[PDB]
$ cat protein.cif   # mmCIF, N, CA, C and O atoms
data_work
#
loop_
_atom_site.label_atom_id
_atom_site.label_comp_id
_atom_site.auth_asym_id
_atom_site.auth_seq_id
_atom_site.Cartn_x
_atom_site.Cartn_y
_atom_site.Cartn_z
N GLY C 19 351.23 -184.01 276.93
CA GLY C 19 350.03 -183.25 276.64
C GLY C 19 350.05 -182.62 275.27
O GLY C 19 350.42 -181.45 275.12
N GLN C 20 349.65 -183.39 274.26
CA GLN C 20 349.60 -182.86 272.90
C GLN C 20 348.59 -181.72 272.80
O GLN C 20 348.83 -180.73 272.10
N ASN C 21 347.46 -181.85 273.49
CA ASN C 21 346.46 -180.78 273.48
C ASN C 21 347.02 -179.50 274.08
O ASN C 21 346.74 -178.40 273.59
N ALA C 22 347.80 -179.62 275.16
CA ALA C 22 348.41 -178.44 275.75
C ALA C 22 349.37 -177.76 274.77
O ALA C 22 349.38 -176.53 274.65
N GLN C 23 350.18 -178.55 274.06
CA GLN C 23 351.08 -177.98 273.07
C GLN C 23 350.31 -177.30 271.96
O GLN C 23 350.68 -176.20 271.51
N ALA C 24 349.23 -177.93 271.49
CA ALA C 24 348.42 -177.32 270.44
C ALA C 24 347.81 -176.01 270.92
O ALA C 24 347.78 -175.02 270.17
N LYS C 25 347.32 -175.97 272.16
CA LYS C 25 346.77 -174.74 272.70
C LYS C 25 347.83 -173.65 272.79
O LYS C 25 347.57 -172.49 272.45
N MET C 26 349.03 -174.00 273.26
CA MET C 26 350.10 -173.01 273.36
C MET C 26 350.47 -172.46 271.99
O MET C 26 350.66 -171.25 271.82
N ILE C 27 350.58 -173.34 270.99
CA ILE C 27 350.96 -172.88 269.65
C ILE C 27 349.85 -172.04 269.03
O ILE C 27 350.11 -171.05 268.34
N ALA C 28 348.60 -172.45 269.25
CA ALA C 28 347.43 -171.70 268.75
C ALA C 28 347.53 -170.27 269.29
O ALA C 28 347.17 -169.34 268.54
N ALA C 29 348.01 -170.10 270.52
CA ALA C 29 348.18 -168.77 271.15
C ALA C 29 349.24 -168.00 270.35
O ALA C 29 349.11 -166.77 270.27
N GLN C 30 350.23 -168.70 269.80
CA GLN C 30 351.30 -168.07 268.99
C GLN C 30 350.68 -167.56 267.68
O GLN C 30 351.01 -166.43 267.29
N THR C 31 349.82 -168.35 267.05
CA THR C 31 349.11 -167.93 265.81
C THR C 31 348.30 -166.68 266.17
O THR C 31 348.33 -165.72 265.39
N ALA C 32 347.64 -166.69 267.33
CA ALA C 32 346.85 -165.54 267.81
C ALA C 32 347.78 -164.36 268.07
O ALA C 32 347.44 -163.25 267.65
N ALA C 33 348.93 -164.59 268.70
CA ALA C 33 349.89 -163.52 269.05
C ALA C 33 350.41 -162.87 267.77
O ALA C 33 350.36 -161.63 267.67
N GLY C 34 350.87 -163.68 266.81
CA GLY C 34 351.44 -163.15 265.56
C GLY C 34 350.38 -162.46 264.73
O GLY C 34 350.67 -161.38 264.20
N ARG C 35 349.18 -163.04 264.64
CA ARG C 35 348.12 -162.49 263.75
C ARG C 35 347.65 -161.13 264.28
O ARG C 35 347.59 -160.19 263.48
N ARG C 36 347.37 -161.02 265.58
CA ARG C 36 346.93 -159.73 266.19
C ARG C 36 348.10 -158.76 266.17
O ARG C 36 347.86 -157.56 265.96
N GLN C 37 349.33 -159.25 266.36
CA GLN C 37 350.55 -158.40 266.34
C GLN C 37 350.69 -157.82 264.93
O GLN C 37 350.95 -156.61 264.83
N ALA C 38 350.48 -158.63 263.90
CA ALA C 38 350.58 -158.18 262.49
C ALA C 38 349.44 -157.21 262.19
O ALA C 38 349.70 -156.18 261.54
N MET C 39 348.23 -157.52 262.65
CA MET C 39 347.05 -156.65 262.42
C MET C 39 347.32 -155.29 263.06
O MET C 39 346.98 -154.27 262.44
N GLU C 40 347.93 -155.29 264.25
CA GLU C 40 348.21 -154.03 264.98
C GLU C 40 349.30 -153.27 264.23
O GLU C 40 349.21 -152.04 264.16
N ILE C 41 350.29 -153.99 263.69
CA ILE C 41 351.39 -153.35 262.91
C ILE C 41 350.74 -152.55 261.78
O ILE C 41 351.13 -151.39 261.59
N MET C 42 349.75 -153.13 261.11
CA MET C 42 349.06 -152.47 259.97
C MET C 42 348.24 -151.30 260.51
O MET C 42 348.24 -150.24 259.86
N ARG C 43 347.58 -151.47 261.66
CA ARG C 43 346.73 -150.40 262.26
C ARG C 43 347.62 -149.20 262.61
O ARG C 43 347.25 -148.08 262.23
N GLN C 44 348.76 -149.43 263.25
CA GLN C 44 349.67 -148.34 263.68
C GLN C 44 350.27 -147.67 262.44
O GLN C 44 350.26 -146.43 262.38
N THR C 45 350.75 -148.46 261.48
CA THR C 45 351.39 -147.93 260.24
C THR C 45 350.35 -147.16 259.43
O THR C 45 350.70 -146.08 258.93
N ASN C 46 349.13 -147.68 259.32
CA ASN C 46 348.05 -147.04 258.52
C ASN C 46 347.62 -145.74 259.19
O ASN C 46 347.37 -144.77 258.46
N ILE C 47 347.54 -145.71 260.52
CA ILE C 47 347.10 -144.50 261.29
C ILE C 47 348.18 -143.42 261.17
O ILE C 47 347.80 -142.25 260.95
N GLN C 48 349.46 -143.77 261.31
CA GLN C 48 350.58 -142.79 261.21
C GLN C 48 350.53 -142.13 259.83
O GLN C 48 350.67 -140.90 259.79
N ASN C 49 350.33 -142.90 258.77
CA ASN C 49 350.25 -142.40 257.40
C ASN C 49 349.13 -141.37 257.26
O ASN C 49 349.30 -140.35 256.58
N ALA C 50 347.99 -141.62 257.89
CA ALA C 50 346.90 -140.65 257.85
C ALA C 50 347.31 -139.34 258.52
O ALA C 50 346.99 -138.25 258.03
N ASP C 51 348.02 -139.43 259.65
CA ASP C 51 348.50 -138.23 260.31
C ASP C 51 349.46 -137.46 259.42
O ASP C 51 349.41 -136.22 259.35
N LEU C 52 350.35 -138.17 258.72
CA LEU C 52 351.27 -137.50 257.80
C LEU C 52 350.51 -136.83 256.66
O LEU C 52 350.88 -135.73 256.23
N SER C 53 349.47 -137.48 256.14
CA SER C 53 348.67 -136.86 255.09
C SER C 53 348.00 -135.59 255.58
O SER C 53 347.96 -134.57 254.88
N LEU C 54 347.45 -135.63 256.80
CA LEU C 54 346.84 -134.43 257.37
C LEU C 54 347.88 -133.33 257.56
O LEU C 54 347.59 -132.15 257.35
N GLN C 55 349.09 -133.71 257.98
CA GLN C 55 350.16 -132.72 258.11
C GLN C 55 350.50 -132.10 256.76
O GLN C 55 350.75 -130.90 256.67
N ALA C 56 350.52 -132.92 255.71
CA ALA C 56 350.76 -132.38 254.37
C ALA C 56 349.67 -131.41 253.97
O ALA C 56 349.94 -130.36 253.37
N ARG C 57 348.41 -131.73 254.29
CA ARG C 57 347.32 -130.82 253.98
C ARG C 57 347.47 -129.50 254.73
O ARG C 57 347.27 -128.42 254.16
N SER C 58 347.83 -129.58 256.01
CA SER C 58 348.05 -128.36 256.78
C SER C 58 349.20 -127.54 256.20
O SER C 58 349.16 -126.31 256.18
N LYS C 59 350.25 -128.22 255.74
CA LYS C 59 351.36 -127.53 255.10
C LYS C 59 350.91 -126.83 253.84
O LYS C 59 351.34 -125.70 253.55
N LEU C 60 350.04 -127.48 253.06
CA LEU C 60 349.50 -126.84 251.87
C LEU C 60 348.71 -125.58 252.24
O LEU C 60 348.83 -124.54 251.58
N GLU C 61 347.90 -125.66 253.30
CA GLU C 61 347.14 -124.49 253.73
C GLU C 61 348.07 -123.36 254.16
O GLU C 61 347.83 -122.19 253.84
N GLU C 62 349.12 -123.69 254.91
CA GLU C 62 350.07 -122.66 255.33
C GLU C 62 350.77 -122.03 254.13
O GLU C 62 350.99 -120.81 254.09
N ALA C 63 351.15 -122.85 253.15
CA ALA C 63 351.75 -122.32 251.93
C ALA C 63 350.78 -121.37 251.23
O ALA C 63 351.18 -120.30 250.76
N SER C 64 349.50 -121.75 251.17
CA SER C 64 348.51 -120.87 250.55
C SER C 64 348.42 -119.54 251.29
O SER C 64 348.35 -118.48 250.66
N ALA C 65 348.40 -119.58 252.62
CA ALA C 65 348.28 -118.35 253.39
C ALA C 65 349.48 -117.43 253.16
O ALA C 65 349.32 -116.23 252.92
N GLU C 66 350.69 -117.99 253.23
CA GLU C 66 351.87 -117.16 253.03
C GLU C 66 351.94 -116.63 251.60
O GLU C 66 352.36 -115.49 251.37
N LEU C 67 351.50 -117.43 250.62
CA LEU C 67 351.51 -116.96 249.25
C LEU C 67 350.48 -115.86 249.04
O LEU C 67 350.71 -114.94 248.25
N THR C 68 349.35 -115.91 249.75
CA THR C 68 348.39 -114.81 249.71
C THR C 68 348.99 -113.54 250.31
O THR C 68 348.77 -112.43 249.80
N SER C 69 349.73 -113.68 251.41
CA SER C 69 350.42 -112.51 251.96
C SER C 69 351.38 -111.93 250.93
O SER C 69 351.46 -110.70 250.76
N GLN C 70 352.11 -112.80 250.23
CA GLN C 70 353.00 -112.33 249.17
C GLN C 70 352.22 -111.62 248.08
O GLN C 70 352.69 -110.63 247.51
N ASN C 71 351.02 -112.11 247.76
CA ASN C 71 350.19 -111.45 246.76
C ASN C 71 349.80 -110.04 247.21
O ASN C 71 349.78 -109.11 246.40
N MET C 72 349.35 -109.92 248.46
CA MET C 72 348.87 -108.62 249.00
C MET C 72 350.01 -107.61 248.97
O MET C 72 349.76 -106.45 248.57
N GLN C 73 351.21 -108.02 249.36
CA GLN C 73 352.40 -107.12 249.33
C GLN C 73 352.63 -106.71 247.88
O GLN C 73 352.98 -105.54 247.66
N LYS C 74 352.42 -107.62 246.93
CA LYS C 74 352.63 -107.34 245.49
C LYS C 74 351.67 -106.24 245.06
O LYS C 74 352.10 -105.34 244.32
N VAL C 75 350.41 -106.30 245.50
CA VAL C 75 349.38 -105.29 245.12
C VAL C 75 349.97 -103.91 245.41
O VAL C 75 350.04 -103.10 244.47
N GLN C 76 350.42 -103.67 246.64
CA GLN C 76 350.94 -102.35 247.06
C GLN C 76 352.24 -102.04 246.32
O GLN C 76 352.39 -100.89 245.88
N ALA C 77 353.13 -103.02 246.16
CA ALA C 77 354.46 -102.82 245.53
C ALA C 77 354.30 -102.38 244.08
O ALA C 77 354.78 -101.29 243.74
N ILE C 78 353.64 -103.19 243.25
CA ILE C 78 353.47 -102.88 241.80
C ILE C 78 352.65 -101.59 241.69
O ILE C 78 352.90 -100.81 240.76
N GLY C 79 351.71 -101.38 242.61
CA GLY C 79 350.89 -100.15 242.62
C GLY C 79 351.78 -98.93 242.71
O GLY C 79 351.57 -98.00 241.90
N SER C 80 352.75 -98.92 243.62
CA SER C 80 353.68 -97.78 243.81
C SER C 80 354.50 -97.59 242.53
O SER C 80 354.68 -96.43 242.12
N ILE C 81 354.98 -98.68 241.93
CA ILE C 81 355.77 -98.62 240.67
C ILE C 81 354.93 -97.89 239.63
O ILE C 81 355.46 -96.96 239.00
N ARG C 82 353.66 -98.27 239.48
CA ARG C 82 352.76 -97.66 238.47
C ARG C 82 352.53 -96.19 238.81
O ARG C 82 352.55 -95.38 237.87
N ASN A 349 331.08 -80.62 236.33
CA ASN A 349 331.23 -79.23 235.92
C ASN A 349 332.46 -79.00 235.04
O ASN A 349 332.42 -78.17 234.13
N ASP A 350 333.56 -79.73 235.29
CA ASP A 350 334.83 -79.49 234.54
C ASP A 350 335.62 -80.78 234.35
O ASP A 350 335.42 -81.70 235.15
N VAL A 351 336.48 -80.84 233.33
CA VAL A 351 337.36 -82.02 233.05
C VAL A 351 338.79 -81.51 232.97
O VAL A 351 339.01 -80.53 232.24
N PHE A 352 339.74 -82.13 233.69
CA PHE A 352 341.15 -81.69 233.73
C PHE A 352 342.07 -82.90 233.87
O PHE A 352 341.54 -84.01 234.00
N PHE A 353 343.39 -82.70 233.82
CA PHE A 353 344.40 -83.79 233.99
C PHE A 353 345.49 -83.30 234.94
O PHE A 353 346.26 -82.41 234.53
N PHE A 354 345.57 -83.84 236.16
CA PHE A 354 346.58 -83.45 237.18
C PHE A 354 347.40 -84.68 237.57
O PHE A 354 346.79 -85.67 237.99
N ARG A 355 348.73 -84.63 237.43
CA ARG A 355 349.63 -85.74 237.81
C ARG A 355 349.31 -86.99 236.99
O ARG A 355 349.58 -88.09 237.49
N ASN A 356 348.74 -86.84 235.80
CA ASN A 356 348.44 -87.97 234.89
C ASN A 356 347.15 -88.65 235.32
O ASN A 356 346.96 -89.81 234.95
N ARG A 357 346.28 -87.97 236.07
CA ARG A 357 344.97 -88.52 236.50
C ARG A 357 343.85 -87.72 235.85
O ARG A 357 343.78 -86.51 236.13
N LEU A 358 343.00 -88.34 235.03
CA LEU A 358 341.82 -87.66 234.44
C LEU A 358 340.92 -87.25 235.59
O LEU A 358 340.40 -88.16 236.25
N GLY A 359 340.72 -85.96 235.82
CA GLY A 359 339.94 -85.47 236.97
C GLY A 359 338.66 -84.77 236.57
O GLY A 359 338.66 -84.16 235.48
N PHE A 360 337.62 -84.83 237.39
CA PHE A 360 336.33 -84.14 237.15
C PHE A 360 336.02 -83.29 238.38
O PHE A 360 336.61 -83.57 239.42
N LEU A 361 335.16 -82.28 238.26
CA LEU A 361 334.75 -81.42 239.40
C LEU A 361 333.23 -81.46 239.52
O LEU A 361 332.59 -80.55 238.99
N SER A 362 332.68 -82.44 240.24
CA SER A 362 331.24 -82.62 240.41
C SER A 362 330.84 -82.07 241.77
O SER A 362 331.35 -82.52 242.80
N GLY A 363 329.92 -81.10 241.77
CA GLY A 363 329.45 -80.52 243.00
C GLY A 363 330.58 -80.00 243.87
O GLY A 363 331.41 -79.22 243.40
N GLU A 364 330.61 -80.43 245.13
CA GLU A 364 331.68 -80.07 246.05
C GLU A 364 332.78 -81.12 246.10
O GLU A 364 333.63 -81.08 246.99
N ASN A 365 332.79 -82.05 245.14
CA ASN A 365 333.70 -83.19 245.14
C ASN A 365 334.68 -83.06 243.99
O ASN A 365 334.28 -82.80 242.85
N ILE A 366 335.96 -83.24 244.29
CA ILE A 366 337.00 -83.38 243.27
C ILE A 366 337.30 -84.86 243.10
O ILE A 366 337.65 -85.54 244.07
N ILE A 367 337.16 -85.35 241.88
CA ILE A 367 337.27 -86.77 241.57
C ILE A 367 338.42 -86.94 240.59
O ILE A 367 338.43 -86.32 239.52
N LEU A 368 339.38 -87.79 240.94
CA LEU A 368 340.54 -88.06 240.11
C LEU A 368 340.59 -89.54 239.76
O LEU A 368 340.11 -90.39 240.51
N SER A 369 341.18 -89.83 238.61
CA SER A 369 341.28 -91.19 238.11
C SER A 369 342.59 -91.82 238.57
O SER A 369 343.36 -91.23 239.33
N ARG A 370 342.84 -93.04 238.11
CA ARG A 370 344.07 -93.73 238.45
C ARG A 370 345.26 -93.03 237.80
O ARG A 370 345.11 -92.24 236.86
N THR A 371 346.45 -93.34 238.31
CA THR A 371 347.64 -92.62 237.87
C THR A 371 347.83 -92.72 236.36
O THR A 371 348.31 -91.77 235.73
N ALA A 372 347.48 -93.85 235.77
CA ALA A 372 347.64 -94.06 234.34
C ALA A 372 346.34 -94.45 233.64
O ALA A 372 346.10 -94.03 232.51
N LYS A 373 345.50 -95.25 234.29
CA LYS A 373 344.26 -95.71 233.69
C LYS A 373 343.21 -94.62 233.87
O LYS A 373 342.55 -94.54 234.91
N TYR A 374 343.05 -93.78 232.86
CA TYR A 374 342.14 -92.65 232.96
C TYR A 374 340.69 -93.08 233.05
O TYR A 374 339.86 -92.31 233.56
N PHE A 375 340.35 -94.28 232.58
CA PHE A 375 338.97 -94.73 232.52
C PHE A 375 338.62 -95.69 233.64
O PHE A 375 337.68 -96.48 233.51
N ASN A 376 339.35 -95.64 234.76
CA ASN A 376 339.11 -96.53 235.89
C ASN A 376 339.11 -95.67 237.16
O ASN A 376 340.17 -95.35 237.69
N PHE A 377 337.92 -95.31 237.62
CA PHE A 377 337.76 -94.48 238.81
C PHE A 377 337.55 -95.30 240.08
O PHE A 377 337.33 -94.71 241.14
N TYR A 378 337.62 -96.63 240.00
CA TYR A 378 337.45 -97.47 241.17
C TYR A 378 338.81 -97.96 241.67
O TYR A 378 339.75 -98.11 240.88
N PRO A 379 338.96 -98.22 242.97
CA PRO A 379 340.23 -98.75 243.47
C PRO A 379 340.53 -100.11 242.86
O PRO A 379 339.71 -100.72 242.17
N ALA A 380 341.75 -100.59 243.12
CA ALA A 380 342.18 -101.87 242.57
C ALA A 380 341.55 -103.03 243.34
O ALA A 380 340.80 -103.83 242.77
N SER A 381 341.86 -103.14 244.63
CA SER A 381 341.35 -104.24 245.44
C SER A 381 341.37 -103.81 246.90
O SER A 381 342.26 -103.07 247.32
N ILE A 382 340.38 -104.28 247.65
CA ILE A 382 340.34 -104.01 249.10
C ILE A 382 341.11 -105.15 249.76
O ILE A 382 340.56 -106.12 250.29
N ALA A 383 342.42 -105.03 249.73
CA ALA A 383 343.33 -105.89 250.48
C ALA A 383 344.39 -105.10 251.21
O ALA A 383 344.76 -105.45 252.33
N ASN A 384 344.89 -104.03 250.60
CA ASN A 384 345.87 -103.14 251.22
C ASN A 384 345.88 -101.84 250.44
O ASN A 384 346.09 -101.84 249.22
N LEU A 385 345.65 -100.72 251.12
CA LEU A 385 345.52 -99.43 250.45
C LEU A 385 346.67 -99.22 249.48
O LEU A 385 347.84 -99.13 249.88
N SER A 386 346.34 -99.14 248.19
CA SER A 386 347.34 -99.03 247.14
C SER A 386 347.79 -97.58 246.96
O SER A 386 347.26 -96.66 247.58
N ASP A 387 348.78 -97.40 246.10
CA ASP A 387 349.36 -96.08 245.87
C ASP A 387 348.66 -95.31 244.76
O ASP A 387 348.40 -94.11 244.91
N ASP A 388 348.34 -95.98 243.65
CA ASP A 388 347.71 -95.33 242.50
C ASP A 388 346.19 -95.43 242.54
O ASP A 388 345.54 -95.42 241.49
N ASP A 389 345.61 -95.54 243.73
CA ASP A 389 344.17 -95.63 243.84
C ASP A 389 343.52 -94.30 243.44
O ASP A 389 344.14 -93.24 243.56
N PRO A 390 342.28 -94.34 242.95
CA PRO A 390 341.60 -93.08 242.62
C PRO A 390 341.40 -92.22 243.85
O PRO A 390 341.24 -92.72 244.97
N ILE A 391 341.40 -90.91 243.64
CA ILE A 391 341.16 -89.94 244.70
C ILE A 391 339.76 -89.37 244.51
O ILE A 391 339.44 -88.83 243.44
N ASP A 392 338.93 -89.50 245.53
CA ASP A 392 337.57 -88.96 245.53
C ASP A 392 337.36 -88.10 246.77
O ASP A 392 336.36 -88.21 247.48
N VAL A 393 338.34 -87.24 247.06
CA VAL A 393 338.28 -86.42 248.26
C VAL A 393 337.19 -85.36 248.11
O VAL A 393 336.91 -84.88 247.01
N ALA A 394 336.58 -85.00 249.24
CA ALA A 394 335.55 -83.97 249.28
C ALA A 394 336.02 -82.84 250.17
O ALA A 394 336.52 -83.08 251.28
N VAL A 395 335.88 -81.60 249.69
CA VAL A 395 336.28 -80.45 250.48
C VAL A 395 335.27 -80.23 251.59
O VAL A 395 334.07 -80.08 251.34
N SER A 396 335.75 -80.22 252.83
CA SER A 396 334.92 -80.01 254.00
C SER A 396 335.32 -78.69 254.65
O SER A 396 336.48 -78.51 255.03
N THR A 397 334.36 -77.78 254.78
CA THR A 397 334.62 -76.47 255.36
C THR A 397 333.29 -75.90 255.85
O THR A 397 332.24 -76.53 255.72
#

$ encode --input "protein.cif" --output "structure tokens"
Amino acid sequence: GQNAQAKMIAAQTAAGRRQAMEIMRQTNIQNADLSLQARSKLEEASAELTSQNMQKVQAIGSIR
Amino acid sequence: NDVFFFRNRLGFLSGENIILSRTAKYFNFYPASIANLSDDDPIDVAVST
């Protein structure tokens, strides 16, 4: 059955192609999550640095 | 009514209000920033009796 063999192999092309497409989908989606995590880290850094600024206002104020 | 200098603060006596300047900046009667009550902020206390 040459046709049966061709059908089975065609399924392998389908298996590898969708498997590769999914590899890119999973890798691309994870990267987006990491970018969002980096953005959240930037926001947290901004908040803590603002707290440091506010403490500075009172600190340098007392020195003056 | 009057102009004086107490603790290095240019002070005025308007009505029933005693108004003092910053500890060093005599020409700045406004606070620094509304983020955390500072130490050298101007004093605008009013005598209540």

$ resolve_selection --input "protein.cif" --expression "the PyMOL selection byres ((chain C) within 8 of (chain A))" --output "PyMOL selection string"
chain C and resi 72-73+75-82

$ residues_around --input "protein.cif" --residues "residue 377 of chain A" --least-positions-apart "4" --cutoff "8 Å" --atoms "only N, CA, C and O atoms" --output "NGL selection string"
:A and (358 or 367-370 or 373 or 389-392)

$ atom_distance --input "protein.cif" --atom1 "atom CA of residue 56 of chain C" --atom2 "atom CA of residue 39 of chain C"
25.8 Å

$ atom_distance --input "protein.cif" --atom1 "atom O of residue 42 of chain C" --atom2 "atom C of residue 62 of chain C"
28.9 Å
